[PDB]
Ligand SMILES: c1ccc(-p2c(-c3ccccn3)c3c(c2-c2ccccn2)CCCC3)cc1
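Just the one chain here, laid out as structure tokens, in the form solved without the named molecule.
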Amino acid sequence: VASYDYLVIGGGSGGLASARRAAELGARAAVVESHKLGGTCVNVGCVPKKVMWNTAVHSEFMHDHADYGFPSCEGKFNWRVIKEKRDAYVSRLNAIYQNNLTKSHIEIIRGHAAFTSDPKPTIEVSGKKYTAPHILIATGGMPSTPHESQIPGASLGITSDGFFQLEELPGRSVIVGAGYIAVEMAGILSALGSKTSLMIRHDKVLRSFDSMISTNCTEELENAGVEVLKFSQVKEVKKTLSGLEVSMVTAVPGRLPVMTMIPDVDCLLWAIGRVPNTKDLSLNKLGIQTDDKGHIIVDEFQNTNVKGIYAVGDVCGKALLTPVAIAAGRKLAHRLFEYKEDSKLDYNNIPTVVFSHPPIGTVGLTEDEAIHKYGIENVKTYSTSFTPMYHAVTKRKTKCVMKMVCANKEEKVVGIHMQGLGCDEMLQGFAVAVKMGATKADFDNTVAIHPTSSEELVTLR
């Protein structure tokens, strides 16, 4: 039984960040990883995603070429070119991560970990046992797929994982889901030339975003050539002579349900949710609490119900983002190895960027949420809508929408919501301001940067 100061199960965003910081603090740590370092973000997430988005972005900017004085650019996108390059880039990161572990003196135990029956918390990986007085579960999640029992042929469609394995651009594609992944994927497939549909169960996407964003986002999708099938759901999938045929039920409220076949589908992509990867851990041998989705339950300090067993990131099922796993794994190393008992992540005011076209940035409360927290009489919002100066000379147009939610008399800024060109890079510092508790006077007393999009947030009236 080899013993360590800290054993980390999962070599992804959270596990790596935690192990690394712990090691700086003097801990003798090991990372168990059964697949590739970097975990979801690097391999099939954030990274290969952003590369594909920058690719889609080139496709749209190239539509503006002629408007800008140049001669029309003519053609066909070549998927394999960028795919090979994207893959290589991911290979490059994997080796950097591996080296990071090494320089830190972190041991890497390769293989699939599971808890044992043993009294003191202990895992087994490939017949060997390992133990530590602090064990971190950071095994993340996976794409959820439907059961053939509820939707026959569900297994003919792919997930975001499968999207990263594609070798050619699908001629016809149908995406099911209304979350950010769904949105992002529909936007990349479309810009790249796939004839794309987004199948959503209601009337808008991103329904948990401020309603200014779900509305604006649904429109921009449509304007960009994406067909959003509202109130629709898949009833069955079948392999036809040439692709797939998707049977769907459309149930607009106040209308009779209607069934439609969607034929000649090259790509059916499920973007319906994520499930926690806890199934094969043998948790129950220690009685670790999970919820009914298989999520590990933790407290504000990332503790599980069992002493010296913690969990961070996706597995815990809250705020499914890479920087949140990182921040939580980092605060936890300080708490365990630097004895900072108050060290924990504040889950409020986490900012998100959705890589749509135009991208989306959001931090803090939606208008509704502020209304529920402070009361209608104590919530005031400010907003603006304009056409970015980039489009002053184009025929193609996009819009920029910004919304600021304030609370109480002081007009404390509790929420910033926007969509528009540049909004991916504009977010970070307002998110700092929002964390510090700024009010609207603070924003207003900041001299504007002209001409930009970002100056609109500081000149709202």
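Don't overthink the numbering: it's just position in the shown sequence, from 1.
Absent from the display: the form deposited with the named molecule bound. The rest refers to it.
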query: The named molecule in the deposited complex: contacting segment from 155-163, 300-308, 331-339, 127-135, heavy atom within 4.5 Å; finding: 155-163
query: Touches the named molecule in the deposited complex: residue 266 (any heavy atom, 4.5 Å); finding: yes
query: 4.5 angstroms heavy atom contact with the named molecule in the deposited complex for residue 212; finding: no
query: Residue 243 within 4.5 Å of the named molecule in the deposited complex, heavy atoms; finding: yes
query: Residues within 4.5 Å of the named molecule in the deposited complex, restricted to 37-75 and counted by heavy atom; finding: none
